[PDB]
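Take a look at the structure below.
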Amino acid sequence: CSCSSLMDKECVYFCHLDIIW
Amino acid sequence: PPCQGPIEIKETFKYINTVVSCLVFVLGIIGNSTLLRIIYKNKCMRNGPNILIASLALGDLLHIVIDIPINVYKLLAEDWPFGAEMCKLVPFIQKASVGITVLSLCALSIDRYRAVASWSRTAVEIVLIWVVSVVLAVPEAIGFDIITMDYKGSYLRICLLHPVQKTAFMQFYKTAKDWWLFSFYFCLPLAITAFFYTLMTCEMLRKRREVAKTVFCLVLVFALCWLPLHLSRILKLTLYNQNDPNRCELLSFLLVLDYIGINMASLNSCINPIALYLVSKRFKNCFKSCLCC
């Protein structure tokens, strides 16, 4: 998914668990 | 960094989602394959509006094939071992299929309006619709990329819309992907189909309730089945914060919202053959003949 940057760990972890869309 | 809570998915929801996804996948594939078989085999059924319906069916079938399996893999594995190019194409194919489906719904609504409005009663439209659908999915085909991480000890790899990108327009897409998707793949087809079907009913007033009921059911199911995913993504974009422990709960709940919404989208893909059965006598007999033998 979309994240502000690579420093926001939780957003990218959600991207890991989120659907492909 | 910690939110005062981890991120995880309940197992009950996983079981429910797996069962629902299996059932909707099977139903949609059977229905769309049967519709395509009927339209292709029967020469009398090879006609403009029927070719539009076949386009919609093929788009829905390709949409089902590419979404449910990968989401099942995500839930039951929580990994993406397919490499960068596979995740480079999957969003592209997914958005192309969604565009094909929505534009085919629009074209079919236009065709029904024409059929009911004019009594004198497609190749260019289908090619135009499909080409425009493939090109609009190009940004997904150049945008996504894989990134590595450490997270509380566990080393992870995620394929996503990497925030850092090369060009100004590519960065603009990286920033407005979800807004673009909600404003094109959902609002535009909903509005077009609803308006054209309203015109069809208005003409029937100028000149049978069952067909209007079918129209209402189709539009309502489309709305109710494509709303949840867009709602989840806009909620992410709107209520997600940072630097403070007020975001992890939202992410955990958004997992559930997104998976429910993708099941509903698959159900909308599955819906149309059922309607064309319960409404059309010709399609009813065709389904009886194909399925029962």
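Residue numbering restarts at 1 in every chain; chains get A, B, ... in the order shown in the structure tokens, and ligands count up from 1 in that same order.
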
Distance-based interface of chain B with chain A, 9 Å, counting only C-alpha atoms, as an MDAnalysis selection string: chainID B and resid 1:3 7:9 67 70:71 74:75 78:80 87 90:91 94:95 147 149:151 156:164 174:175 177:178 237 240 242:243 247:248 251:252 254:255 258:259 262

List the spatial neighbours of stretch 283-286 of chain B as a ChimeraX atom specification - criterion: any atom at most 9 Å away, only C-alpha atoms, same-chain residues fewer than 3 positions off excluded.
/B:34-35,38,273,276-280,289-291

Could the residues in this selection be saved with N, CA and C atoms as a short mmCIF file (atom, residue, chain, number, x, y, z; two decimals), in the first residue's frame?
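Below you can see part-v7.cif, which holds the result:
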data_model
loop_
_atom_site.label_atom_id
_atom_site.label_comp_id
_atom_site.auth_asym_id
_atom_site.auth_seq_id
_atom_site.Cartn_x
_atom_site.Cartn_y
_atom_site.Cartn_z
N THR B 34 -20.33 -20.39 -17.52
CA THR B 34 -21.58 -20.82 -18.15
C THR B 34 -22.14 -19.75 -19.06
N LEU B 35 -22.12 -18.49 -18.62
CA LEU B 35 -22.62 -17.40 -19.46
C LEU B 35 -21.81 -17.31 -20.75
N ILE B 38 -22.66 -20.23 -23.07
CA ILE B 38 -23.96 -20.04 -23.70
C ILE B 38 -23.85 -19.04 -24.84
N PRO B 273 -24.40 -13.45 -13.61
CA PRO B 273 -25.05 -14.67 -14.13
C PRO B 273 -26.30 -15.05 -13.36
N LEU B 276 -29.09 -12.75 -14.67
CA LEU B 276 -29.51 -13.13 -16.01
C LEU B 276 -30.22 -14.48 -16.02
N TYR B 277 -30.00 -15.31 -15.00
CA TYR B 277 -30.82 -16.50 -14.83
C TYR B 277 -32.22 -16.14 -14.35
N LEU B 278 -32.32 -15.51 -13.18
CA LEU B 278 -33.62 -15.33 -12.56
C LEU B 278 -34.52 -14.38 -13.34
N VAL B 279 -33.99 -13.63 -14.30
CA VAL B 279 -34.75 -12.64 -15.05
C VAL B 279 -35.11 -13.13 -16.45
N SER B 280 -34.12 -13.60 -17.20
CA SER B 280 -34.31 -13.92 -18.61
C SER B 280 -34.71 -15.38 -18.78
N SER B 289 -30.05 -26.08 -19.63
CA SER B 289 -29.53 -27.03 -20.61
C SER B 289 -28.05 -27.31 -20.38
N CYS B 290 -27.26 -26.26 -20.13
CA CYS B 290 -25.82 -26.45 -19.99
C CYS B 290 -25.47 -27.13 -18.67
N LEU B 291 -26.06 -26.68 -17.57
CA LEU B 291 -25.67 -27.18 -16.25
C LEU B 291 -26.19 -28.59 -16.01
#

task = From the DSSP assignment of the backbone, select every residue of stretch 8-244 of chain B that is strand (DSSP E or B), and format the answer as a ChimeraX atom specification.
result = /B:144-151,154-161

What is the atom CA of residue B:86 to atom CA of residue B:25 distance in Å?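 Interatomic distance here is 21.5 Å.
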
Please return, as a ChimeraX atom specification, all residues of chain A that DSSP assigns to helix (DSSP H, G or I) on the basis of the backbone.
/A:9-17

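Put simply, atom CA of residue B:221 is 20.6 Å away from atom CA of residue B:33.
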